[PDB]
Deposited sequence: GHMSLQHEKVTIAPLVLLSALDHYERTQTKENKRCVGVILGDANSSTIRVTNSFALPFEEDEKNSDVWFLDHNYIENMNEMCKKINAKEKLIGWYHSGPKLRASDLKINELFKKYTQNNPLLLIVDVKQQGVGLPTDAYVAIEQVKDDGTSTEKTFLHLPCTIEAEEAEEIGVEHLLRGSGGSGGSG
């Protein structure tokens, strides 16, 4: 079956993005996730933030900078060639009405059915602070199983951050 593996760095980056943009009560931040979709378990290992604005009173109006995806992605490739653009993240707390439309735009940057990760940056919660979704026709979002994985180097990092 379909599983998602998420690196810790990804969830800390979305939280740092949300907080550094002073993201308002009720509002959200959005960015891109990178990794490896070429297997039955999709591995998410990196992310970058996007400039995104939407209209609080009007869910069908929103702006996503297309030039910024291409320009950032081209810089990520210069660092890690095997880290592909595979989907997107937003801070939630729940799926929005515009999410399927936004997801459509991301099809043009991925080579997989885009993965949407909703990251809980409100901590209002007992365990894993991200839910993963994929769009399917069966159009609607299918919730996916997801777990934590990062290479040995990051796992020692995390333990050092708690123990310190």
Relative to the deposited sequence, which regions have no modelled C-alpha positions in the structure? 1-6, 145-153, 180-187
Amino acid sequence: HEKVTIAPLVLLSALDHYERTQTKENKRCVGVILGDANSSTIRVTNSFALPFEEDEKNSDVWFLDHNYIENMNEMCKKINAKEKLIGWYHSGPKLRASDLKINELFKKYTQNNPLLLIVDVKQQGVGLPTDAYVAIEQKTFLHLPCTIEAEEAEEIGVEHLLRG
From here on, numbers count along this sequence of modelled residues.
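Note that the rigid core is defined as the largest set of C-alphas that superpose within 1.5 Å between two forms.
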Between 127-135 and 103-111, report the one with more C-alpha displacement in 6 other deposited structures of this protein relative to this form after a rigid core superposition. 127-135
Higher C-alpha RMS shift from the shown form in 6 other deposited structures of this protein - 117-125 or 92-100, rigid core fit: 117-125
Test of understanding: from the entry's C-alpha B-factors, which stretch has the higher mean, 57-65 or 97-105? 57-65
Look over 146-154 and 6-14 in the entry and identify the one with the greater average Cα temperature factor. 146-154
Among the choices 118, 34, 134, 128, identify the one whose CA B-factor in the record is greatest. 128
Where does the C-alpha B-factor of residue 90 rank in its chain, lowest, middle or highest third? lowest
Assigned third (lowest, middle, highest) for the C-alpha B factor of residue 111: middle
